[PDB]
Number of protein chains: 4
Amino acid sequence: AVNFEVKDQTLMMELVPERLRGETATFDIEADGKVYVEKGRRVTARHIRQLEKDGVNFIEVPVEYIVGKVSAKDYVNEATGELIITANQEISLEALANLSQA
Amino acid sequence: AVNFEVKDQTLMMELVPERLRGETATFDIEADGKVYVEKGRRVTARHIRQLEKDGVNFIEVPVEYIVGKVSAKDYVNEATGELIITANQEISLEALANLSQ
Amino acid sequence: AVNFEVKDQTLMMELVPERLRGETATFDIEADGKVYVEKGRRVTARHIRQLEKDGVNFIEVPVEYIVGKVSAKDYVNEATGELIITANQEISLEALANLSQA
Amino acid sequence: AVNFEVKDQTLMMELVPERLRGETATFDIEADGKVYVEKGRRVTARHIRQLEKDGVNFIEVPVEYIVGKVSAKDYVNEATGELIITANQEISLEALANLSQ
């Protein structure tokens, strides 16, 4: 009766800025379409303050993080997590009425 | 990646109590698990009073209503309709990770 | 714990082609991004066969149809209906864990 | 326009029965409404047998597991995880019509 097709997916976790400084980024440090540190760059003090200036409290993390395929990072808070799924939800009213009738 | 297993379904619509009184119900007149008048029975002034006392301004309407299998009624306002789907949304994190890669 | 933001919505209903011929379209007759008859045009035999050639068994109808704000049309099957909602579903894992903990 | 009222939630993960035997459970070992071993109890060879006989290859894991409040265990495979959200999806047809206009 209801099909749910995933078009995109993103995981976000709370930044711990005090642990990010000096890391070499293994994935782009980004939020809301803006990349603050490119993969392979070492995070500078300015990068930290640029995130802060923009009010970036959550950053993107690879979705694979949630199935254990990314070694855990001290610069995100493990007690947090926001999963955003963009989907096309197809609801058959006919099929629902048939569930209801039965 | 995401399955949506439907366990129950209903519409809800705003009630126009003036137009209900005197009619014979074609579906249970119901809200929040309480049935006020059963299908096949006449709606009394007492029923109308009970609905008002309980503050019932929306009632359940079968999803069949939306595909014409239950015919239209004056005492529910189609402009106000809601579809409530009770479901288990089964999200495969493995599948989402696969999609991300 | 879960927010569901609607980005787009479409209603589709099964076409009854035998009742569409000769109608003056009051909304574009379309499916899958292709407009077959523009609003205000009278539907010709060719339009019917063009829909058929493309296998168009369902057409778009204004969503308002489902709240009774479009007078019913004999050229769609009233016993049908497919509602497609494009949404951003935001799932707070933290909030869900808190529901679970409680 | 759409509210998603959560009524229950769990993860599920693939079980590695060899790594469970002998451990003391920190959450009920459970599938499809049957609890095999309660939180705080040791998993026996008999428990392992029961799981196998019932064909239980995925078990429930608390959502707390995903935010670190329940610590990681060798006997569930995080690569396989699912999140199952039981909810009432309340779709306002009035609101969808409003959005369409």
Side-chain angles (χ1 to χ4, degrees), chain B residues 1-16 19 27 30-34 55-101, chain D residues 1-16 19 27 30-34 55-101:
Chain B
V2 178
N3 293 146
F4 203 94
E5 185 182 48
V6 174
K7 299 305 190 172
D8 203 357
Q9 58 293 304
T10 191
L11 312 172
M12 292 194 89
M13 294 176 187
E14 197 184 33
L15 177 63
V16 188
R19 303 300 305 126
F27 48 85
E30 181 189 352
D32 291 328
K34 181 162 164 182
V56 174
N57 291 126
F58 271 75
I59 61 167
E60 297 189 3
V61 178
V63 178
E64 289 92 319
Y65 193 97
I66 219 67
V67 292
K69 290 183 164 20
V70 164
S71 59
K73 298 287 170 282
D74 284 352
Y75 47 78
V76 284
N77 186 350
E78 289 88 353
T80 70
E82 302 178 335
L83 169 61
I84 305 106
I85 307 175
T86 306
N88 291 325
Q89 187 184 26
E90 300 173 337
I91 303 164
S92 171
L93 302 178
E94 184 171 4
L96 292 183
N98 288 342
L99 293 168
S100 77
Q101 288 294 315
Chain D
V2 178
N3 293 146
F4 203 94
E5 185 182 48
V6 174
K7 299 305 190 172
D8 203 357
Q9 58 293 304
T10 191
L11 312 172
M12 292 194 89
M13 294 176 187
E14 197 184 33
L15 177 63
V16 188
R19 303 300 305 126
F27 48 85
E30 181 189 352
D32 291 328
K34 181 162 164 182
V56 174
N57 291 126
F58 271 75
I59 61 167
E60 297 189 3
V61 178
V63 178
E64 289 92 319
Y65 193 97
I66 219 67
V67 292
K69 290 183 164 20
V70 164
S71 59
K73 298 287 170 282
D74 284 352
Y75 47 78
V76 284
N77 186 350
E78 289 88 353
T80 70
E82 302 178 335
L83 169 61
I84 305 106
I85 307 175
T86 306
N88 291 325
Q89 187 184 26
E90 300 173 337
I91 303 164
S92 171
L93 302 178
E94 184 171 4
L96 292 183
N98 288 342
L99 293 168
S100 77
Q101 288 294 315

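What you see below is based on every heavy atom in this structure, not just the backbone, and it leaves out hydrogens, waters and symmetry mates. Protein chains get the first letters and strands the later ones, always in sequence-line order, with residue 1 at the start of each.
- Against chain D, the residues from residues 90-101 of chain B that qualify, each with a non-hydrogen atom under 4.5 angstrom away, are B:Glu90, B:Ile91, B:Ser92, B:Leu93, B:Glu94 in number order.
- Residues meeting the side-chain hydrogen bond (donor to acceptor under 3.5 Å, both in side chains) test with B:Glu30, sequence neighbours left out: none.
- Of residues 2-12 of chain D, those residues with a non-hydrogen atom less than 4.5 Å from any non-hydrogen atom of chain B are, in numerical order, D:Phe4.
- Below 4.5 Å, heavy atoms of chain B meet heavy atoms from D:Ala79, D:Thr80, D:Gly81, D:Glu82, D:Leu83, D:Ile84, D:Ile85, D:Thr86, D:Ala87, all part of residues 77-87 of chain D.
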